[PDB]
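For clarity, chains are labelled A, B, C, D, E, F, G, H and I in written order, and residue numbers in each chain start from 1.
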Amino acid sequence: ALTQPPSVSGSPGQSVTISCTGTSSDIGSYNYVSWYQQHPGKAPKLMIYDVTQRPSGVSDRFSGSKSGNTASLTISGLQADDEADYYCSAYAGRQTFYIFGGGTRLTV
Amino acid sequence: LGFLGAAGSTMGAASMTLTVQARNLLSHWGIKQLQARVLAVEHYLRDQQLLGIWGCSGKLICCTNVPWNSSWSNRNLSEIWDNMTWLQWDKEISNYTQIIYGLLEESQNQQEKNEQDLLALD
Amino acid sequence: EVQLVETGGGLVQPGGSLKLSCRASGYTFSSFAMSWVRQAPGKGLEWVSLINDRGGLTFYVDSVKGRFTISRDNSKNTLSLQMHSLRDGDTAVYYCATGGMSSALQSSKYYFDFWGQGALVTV
Amino acid sequence: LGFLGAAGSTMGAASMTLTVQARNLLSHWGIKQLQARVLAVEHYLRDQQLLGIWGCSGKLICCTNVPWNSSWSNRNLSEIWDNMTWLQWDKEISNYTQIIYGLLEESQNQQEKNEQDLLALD
Amino acid sequence: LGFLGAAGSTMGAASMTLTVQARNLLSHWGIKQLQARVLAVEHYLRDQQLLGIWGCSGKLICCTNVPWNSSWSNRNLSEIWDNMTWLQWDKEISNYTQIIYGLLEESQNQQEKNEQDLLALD
Amino acid sequence: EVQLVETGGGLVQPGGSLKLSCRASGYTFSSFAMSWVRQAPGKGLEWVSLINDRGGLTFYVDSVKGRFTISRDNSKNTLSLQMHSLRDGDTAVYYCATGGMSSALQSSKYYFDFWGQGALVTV
Amino acid sequence: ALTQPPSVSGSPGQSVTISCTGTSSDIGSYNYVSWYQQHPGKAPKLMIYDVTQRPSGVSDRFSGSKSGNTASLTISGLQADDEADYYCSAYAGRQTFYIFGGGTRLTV
Amino acid sequence: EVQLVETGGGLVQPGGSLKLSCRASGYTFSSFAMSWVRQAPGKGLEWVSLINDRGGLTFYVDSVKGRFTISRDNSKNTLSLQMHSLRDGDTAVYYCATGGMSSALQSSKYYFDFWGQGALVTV
Amino acid sequence: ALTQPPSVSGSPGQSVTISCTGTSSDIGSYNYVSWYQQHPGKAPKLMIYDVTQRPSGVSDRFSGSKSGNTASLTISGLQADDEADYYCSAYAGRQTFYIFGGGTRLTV
């Protein structure tokens, strides 16, 4: 699995970073790392895809990047509405197809 | 044997002479002789085109993913290969030839598309 | 509005079987690849299976490779999953999702765009 | 649809009718009719020879190792396949056809030589 | 180089110009001109048929399972490829051409049958 | 009457080699695939090798894969087995048998119809 | 290997069942399970093949079936002449070709 | 006179990278396959990588397979090796050598004919 | 690796044999076993290749052979100039390409 360690937090209005560490070939070679916002009892919402892209419906608060074998999600100024688990996932070379990371909890 | 020597042999036995038959497909008055040669070429190419379309472009013998329907003259398996000649077989299933060919074309296009998708998986 | 709605599920004995299904609309069903994603109670997310848009290519996570079948009916706009030889380890919410692989003519995604709410399967 | 039924369809949609078009390439006064048939055969063979040379000898659809250059009418990917017909595409890149063909021939000869070397490794 | 530019080059060097030569095989009075074109087509098809029969249907270069016999003008390996032209080689082994071709056909039919059996193993 | 008659065998030192052979009649030799089956003294049955009817395809159990050769001569109606680099673990009766794979035109069997009595090999 | 546990017995005239348990993919997926009658010092005789078939020369006493990943041989009314070891074997997916089970002894 | 002359090398931190190169003359560069061979301080010889004469086929020892790139420029008569993600275990003299595989038209060798003196790489 | 055990020695003018033992498939199946003379701080020189061949520049002193899964280098009458480490190597079936043996030291 990918690792997104527990836990991330901050006050409303502060920025936070949620990490996602892979291994070697998975997020190292493939620029297909996505991030999801998981509410406690609701289906997850897509925030980030590829490395830096976000779908329509996702605000400017969510952005991200990748370097080496580690990816991250950045929230530019945290809202109380962002108290969700975050998950990263990535393409796994047509061998395992997709690897989800252990997720991590964001507290505002 | 030689050309058509296997014509009276069983279908199984005759499968060993495909090479022989294949080579003998290629190997005003004069204008009608010329016309005949041109038509022979077009016929040859049509058979080759079907083999190409069906995914069997460079083989004398090949397999496909179309199952045999029992409605197509089910005559067992060993009876066909050991106790029948190709000349007889060609009559046993003469009304199914177009059905089979259509199926062979369809179960190729499906395969080419699946291969194309797989080649796009990083 | 794109919606994926799961049905089926329930509690099944280990060694038993069940089938899930997902109906979908708001998009051309036949234009998208789909998958099932597992949410174990405390694990969150595991990929289980992927099917292409024509319903001809299927891929599985090794752990269900010899047990699960993913299938589609594009006239019904239905995705389905047949799970055989169930184990307690398969207890999870199973989500219907669109995304993953594509047609090779249309900007392959490798991510999931839409999620249903998921069926709950207990074993 | 039928022959050329897909001509007004998008490039993507039309990829499903390649079989239909392929079959209709084959299927003194009289001497000019005979001449026309002979020339049609030569044309057919030239297209087949290129497919052979490029390493795509028995497929209606195949992939190559030549990357698409953005200079060759970069029109996105989904725009080409979903909002354009083949008739339009053939004009969008008409000045690059010879360049592409030359590249396809070169990035075949390189492949045949690499395969030949590998088959000599005990 | 260009067409036949490699004719005086060594066999090894000339292996890089197969594409060039292949393309120049295709690219009452009038009736004799028409006859010549028809015969050229038949010749072309015969060469293609042999490549098909031998299991080398879509390659300019391919390998076979027939060992080289030392009786067939054993001239070493590097001497043939580096110090001889194809024109000379074609004379060095002109009396073995039919033997080699027969062997190439036989050691294909044997391969097709083995492949067919393997595809029947569940 | 179909008969398979083995010969050869005997005691050989570990690290040595020997060859077995089987003559057969009562059927067209060339029409059937054949195999060798091992009967270790207390194990009963182990498959060792399979050869098709034309003598072109051979298959082996991994344990003899780098050591044994299975071969045929259809003019002699003879099946043979060359065993190299023998081990004590190869002590067994080796049976000549007809069956297993077939021609793909003739009702593949995947079972053995006839057995010889077997050669005894001690290592 | 396939398992045919020791031992099976009965009085003359009684029916008996000899089992053969496989794993998952071997006798589960391939309907090529055969049974042989092994005499103490003689080559084995084929009794059953495929699942339910028997060769000419084999009497009505021998029949059989398969379900799940387990096969069995049924003797409809046991003779003293059936005191032989029984072996089951099956096709193994072109990987190992054939798997023999450990055999089992029948006592009348 | 055939000569292979290595350059580059030096001490690099673990996790870093460096590139070696070898210039060569006295023979047609383009006529021979080349390789890099490692001489660890007390191990003597380990094969690392092989490249064919046209620079299109490369082979690696598994231990550097995901880290090293072997490349050629036949106009410059230069062989080169890019080493990424270096480990202490890679400390060695790296030799430029000609030999190994061949063209399949010219008496494949499977041995090395010429050696340079080698670059010293410390990690 | 291939094994060339330590150590080999003899007086000037005596012959010596340097062994190289492989496994099964490597030098057993491939007749591509070479020997090199390694000077203490100099690049190695090729002595033997294939099984019995030597390149121009190598004198009659060096010859060799192979049997079973073991190869050897023979020096017909040892010179003080031969105090070098010897290495054997061989083709490895396009899997590992080349295997070097642990080398061995020759003392005169």
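We adopt the following convention: contacts are C-beta pairs under 8 Å (C-beta built on N, C-alpha and C of every residue); 3 or more make two chains touch, one makes a residue touch a chain.
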Item to check | Candidate from B-F, B-C or C-D with the same interface as E-F, over half of contact pairs in common | outcome: B-C
Checklist outcome for this item: Note: of the two pairs B-F and E-G, more contacts are counted for B-F
Checklist entry - Rounded to the nearest whole Å, what is the centre-to-centre distance of subunit C and subunit I, using the mean of the C-alpha atoms as each centre? => result 61
Checklist outcome for this item: The distance between the C-alpha centres of subunit A and subunit H, rounded to whole Å, is 41
Checklist entry - Using the average of all C-alpha atoms in each chain as its centre, how far is it in Å between subunit F and subunit G? => result 22
Next on the checklist: Taking the mean of the C-alpha atoms as each chain's centre, how many Å separate subunit B from subunit G?
Outcome noted: 43
Item to check | Interface hub residues of subunit A, defined as touching at least two other chains | outcome: 30, 32, 91, 94
Checklist outcome for this item: Touching two or more other chains in subunit C are residues 103, 110
Item to check | Shared interface positions of subunit D, touching two or more other chains | outcome: 28, 31, 34, 38, 41, 57-58, 113, 116, 119, 121-122
Checklist entry - Contact residues on subunit H for subunit E in the complex? => result 103, 105-107
Checklist outcome for this item: Given the complex, residues on subunit D that touch subunit E span 28, 31, 34-35, 38, 41-42, 45-46, 49, 52-53, 55-58, 105, 109, 112-113, 116, 119
Checklist outcome for this item: The answer for subunit A against subunit C in the complex is residues 30, 32, 34, 36, 38, 42-46, 49-50, 55, 85, 87, 89, 91, 94, 96-100, 102-103
Checklist entry - Okay, in this complex, where on subunit E does subunit F touch? => result 110, 113-114, 116-122
Item to check | Interface residues, subunit F side, partner subunit E - complex | outcome: 52, 54, 56-57, 101-104, 108, 110
